[PDB]
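Chemist: Sharing an experimental structure here, sequence included.
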Amino acid sequence: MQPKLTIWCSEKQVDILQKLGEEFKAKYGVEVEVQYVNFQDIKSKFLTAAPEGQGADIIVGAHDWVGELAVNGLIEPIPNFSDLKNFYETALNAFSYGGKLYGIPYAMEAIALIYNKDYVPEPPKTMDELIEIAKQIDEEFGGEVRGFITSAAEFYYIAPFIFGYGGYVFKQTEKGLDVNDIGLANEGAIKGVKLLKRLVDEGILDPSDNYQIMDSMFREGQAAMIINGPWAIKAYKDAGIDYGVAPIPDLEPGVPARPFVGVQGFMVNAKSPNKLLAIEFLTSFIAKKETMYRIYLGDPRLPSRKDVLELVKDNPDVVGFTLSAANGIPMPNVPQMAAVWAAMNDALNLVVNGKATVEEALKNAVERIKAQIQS
Ligand SMILES: OC[C@H]1O[C@H](O[C@H]2[C@H](O)[C@@H](O)[C@@H](O[C@H]3[C@H](O)[C@@H](O)[C@@H](O[C@H]4[C@H](O)[C@@H](O)[C@@H](O)O[C@@H]4CO)O[C@@H]3CO)O[C@@H]2CO)[C@H](O)[C@@H](O)[C@@H]1O
């Protein structure tokens with residue numbers, strides 16, 4: 001009886017993984033099934049389905065998930081394999097927790113300014129310049145082209161402002177992250193969210209702006225500038241957008257934006273009876289140079305396998321996202337990160353909708369995060 005491996009991944013990886021799965025099946029007789037799952041639903045679906053025996057054998061996603069999934073016993077440690085040396089240790093360590101490796105990373109990433117050269121031939125260097133250019137576009141195009149869009153109420157996309165001014169999630173200490181020292185309502189976080197509020201107040205961002213609006217308007221030629229990541233670029237290129245990638249404009253003189261840095265990788269379901277075969281598929285096939293490069297070609301981010309990064313290092317998009325990531329802060333992978341996102345999203349929703357001051361919204365967010373961490 002032929003065995004089967006099921007993979008959950010976002011829309012970005014479906015095509016390339018489908019093709020690789022067909023190749024693995026032709027060679028070995030192992031059925032491979034690639035199932036699209038909305039990215040923000042992968043982890044929550046896996047938390048629900050994995051204990052019920054209904055989780056995918058392999059999930060694809062971000063390294064911040066690792067600590068929560070590892071301590072809950074839901075993802076399987078990956079034993080050493082011959083290709084392990086070929087991956088950057090920073091990428092492997094992002095997928096490591098409690099001394100063990102829990103995923104095969106394929107790329108790192110960070111959001112950046114993505115701009116349509118038809119409207120913005122040369123990218124702004126400061127946020128003050130970006131604000132002026134966006135206002136000009138909003139006026140000159142009578143509302144048919146948005147000057148600037150990002151996901152206004154989503155913490156992941158506002159983090160570059162929060163961190164640029166000195167906010168932080170958990171305090172970085174010489175003994176690791178201090179989950180009892182949260183910096184998402186310090187004066188830097190407040191100044192960064194006050195910049196978000198300025199963008200809304202000056203009409204550059206609309207209270208309803210979200211990921212789908214940003215992504216779709218940019219892909220359809222209706223947005224001059226966005227803040228988004230390298231996962232979005234292939235769709236823009238196929239749609240015919242003449243885009244560029246640049247670091248997010250400095251928040252003010254001498255204060256660069258500092259985005260989250262994320263690592264994307266393949267994790268194995270520890271509850272799956274196929275976990276040994278899933279590991280074999282990842283280490284013997286997915287981890288290889290050609291396969292990792294084919295994944296890049298299908299889903300272009302910043303490759304984690306060193307010899308693949310060398311192939312792409314001169315691509316202007318790779319150069320642009322690397323410049324943005326150079327100022328960035330890696331997302332924590334500790335289990336306590338699960339308590340962070342929803343509280344911060346809720347606080348930013350209140351701010352962009354004029355429902356609370358920045359200081360009150362962030363203060364309440366941190367009390368919510370702390371209470372959840374403490375149990
Ligand atoms: O409680 C709210 C939600 O919190 C958790 O979601 C987190 C993620 O775990 C983080 O990784 C991050 O998500 C980023 C992601 O890192 C980044 O790559 C990008 O995601 C892309 C994706 O790579 C791409 O393949 C494609 O699917 O498009 C996505 C963008 O739409 O952007 C994400 C941010 O949107 O931050 C979120 C929280 O915002 C938790 O996993 C969720 O289950 C939970 O609902």
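Modeler: Structure's in. What do you need? Numbering: from 1, shown residues only.

Chemist: What residues does the stretch 151-300 of the chain have near the ligand?
Modeler: With Cβ under 6 Å from any ligand atom as the criterion, the stretch 151-300 of the chain meets the ligand at residues 154, 156, 211, 229, 231, 262. In this view, the C-beta of every residue, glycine as well, is placed from N, C-alpha and C.

Chemist: hmm, the lengthiest helix in the chain in reach of the ligand?
Modeler: Criterion DSSP state H: the longest helix present in the chain is helix 358-374. No - under the criterion of Cβ under 6 Å from any ligand atom, helix 358-374 makes no contact with the ligand; the nearest approach is 11.1 Å.

Chemist: Of all the residues in that helix, which ones are buried?
Modeler: Residues of helix 358-374 classed as buried: 358, 361, 362, 363, 364, 365, 366, 368, 369, 373 (neighbour count, 16 or more other Cβ atoms under 10 Å).

Chemist: which helices and strands sit right next to that helix?
Modeler: Contacts defined by 3 or more Cβ pairs under 8 Å, 6 or more residues apart in numbering; DSSP states H and E place helix 358-374 against strand 176-183, helix 187-201, helix 341-352.

Chemist: could these be laid out in TSV, adding mean neighbour count?
Modeler: Output for these, formatted as TSV (neighbours: other Cβ atoms under 10 Å):
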stretch	mean neighbour count
strand 176-183	16
helix 187-201	20
helix 341-352	20
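
Chemist: a markdown table please, covering these and showing distance to residue 70.
Modeler: Formatted as a markdown table, those follow (distance: least, Cβ to Cβ, whole Å):
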| stretch | distance to residue 70 |
| --- | --- |
| strand 176-183 | 15 |
| helix 187-201 | 28 |
| helix 341-352 | 18 |
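
Chemist: which stretch of helix or strand covers the residue positioned nearest the centre of the chain?
Modeler: Here the mean C-alpha position of the chain is nearest to the C-alpha of residue 262 (Cα atoms, centre = their mean), at a distance of 5.3 Å. Using DSSP states H and E, residue 262 maps to strand 260-268.

Chemist: what lines up beside that strand in the sheet?
Modeler: strand 58-62 (antiparallel), strand 104-109 (antiparallel), strand 329-330 (parallel) (DSSP bridges).

Chemist: Let me see the ranges of the strands in the stretch 51-200 of the chain.
Modeler: 58-62, 96-97, 100-101, 104-109, 112-116, 146-149, 168-173, 176-183 (DSSP state E, counting those that start in this stretch).

Chemist: how about these, which one is nearest residue 23?
Modeler: strand 58-62 (15.7 Å; Cβ to Cβ).

Chemist: So that closest one, near the ligand or not?
Modeler: Yes - contact of strand 58-62 with the ligand (Cβ under 6 Å from any ligand atom) involves residue 62.

Chemist: Show me what the residue nearest to the centre of the chain is bridged to.
Modeler: Each beta-bridge partner of residue 262 is listed here, defined by DSSP bridges: residue 109.

Chemist: give the contact list for it.
Modeler: Each residue near residue 262 by Cβ atoms under 8 Å, 6 or more residues apart in numbering is listed here: 62, 63, 64, 108, 109, 110, 229, 330, 331.

Chemist: got it, and residue 101?
Modeler: So residue 101 contacts 77, 78, 84, 92, 95 (Cβ under 8 Å, 6+ apart).

Chemist: Quick check: chain neighbours aside, which residue is closest to the first one?
Modeler: Same thing as residue 77. Spatial nearest neighbour of residue 77, excluding adjacent residues (Cβ to Cβ, 6 or more residues apart in numbering): residue 100 at 4.1 Å.

Chemist: Quick check: phi and psi on residue 40?
Modeler: When read as degrees, to the nearest 10, the backbone of residue 40 gives phi -70, psi -10.

Chemist: So which of the contacts of residue 101 wins on neighbours?
Modeler: Among these, residue 95 has the most neighbours (other Cβ atoms under 10 Å), with 27 neighbours.

Chemist: Give me the distance between that residue and the ligand.
Modeler: Using Cβ to the nearest ligand atom, to the nearest Å, residue 95 is found at 13 Å from the ligand.

Chemist: Which residue is the nearest non-sequential neighbour of that residue?
Modeler: residue 103 (3.7 Å).

Chemist: if I read this right, that neighbour contacts residue 77, doesn't it?
Modeler: No - with contact defined as Cβ atoms under 8 Å, residue 103 does not reach residue 77; the gap is 9.9 Å.

Chemist: part of a strand, is residue 33?
Modeler: Yes - checked against DSSP: H, G, I helix; E, B strand; the rest coil, residue 33 lies within a strand.

Chemist: Who are the contact partners of it?
Modeler: Neighbours of residue 33 in contact, by Cβ under 8 Å, 6+ apart: 4, 5, 6, 7, 21.

Chemist: among the residues you listed, which ones are buried?
Modeler: For the contacts of residue 33, buried by 16+ other Cβ under 10 Å: 5, 6, 7, 21.

Chemist: Quick check: the first one vs residue 286, distance?
Modeler: Read that as residue 5. Noted for residue 5: a distance of 11 Å to residue 286, by Cβ to Cβ, to the nearest Å.

Chemist: residue contacts, residue 264?
Modeler: Residue 264 makes contact with 60, 61, 62, 63, 105, 106, 107, 108, 109, 301, according to Cβ under 8 Å, 6+ apart.

Chemist: change it to 7 Å
Modeler: Contact analysis of residue 264 by Cβ atoms under 7 Å, 6 or more residues apart in numbering lists 60, 61, 62, 105, 106, 107, 109, 301.

Chemist: Adding neighbour count, write those out as JSON lines.
Modeler: JSON lines is the format used below for the contacts of residue 264 (neighbours: other Cβ under 10 Å):
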{"residue": "60", "neighbour count": "26"}
{"residue": "61", "neighbour count": "24"}
{"residue": "62", "neighbour count": "21"}
{"residue": "105", "neighbour count": "25"}
{"residue": "106", "neighbour count": "26"}
{"residue": "107", "neighbour count": "24"}
{"residue": "109", "neighbour count": "22"}
{"residue": "301", "neighbour count": "25"}
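
Chemist: Please consider this matter closed, and thank you.
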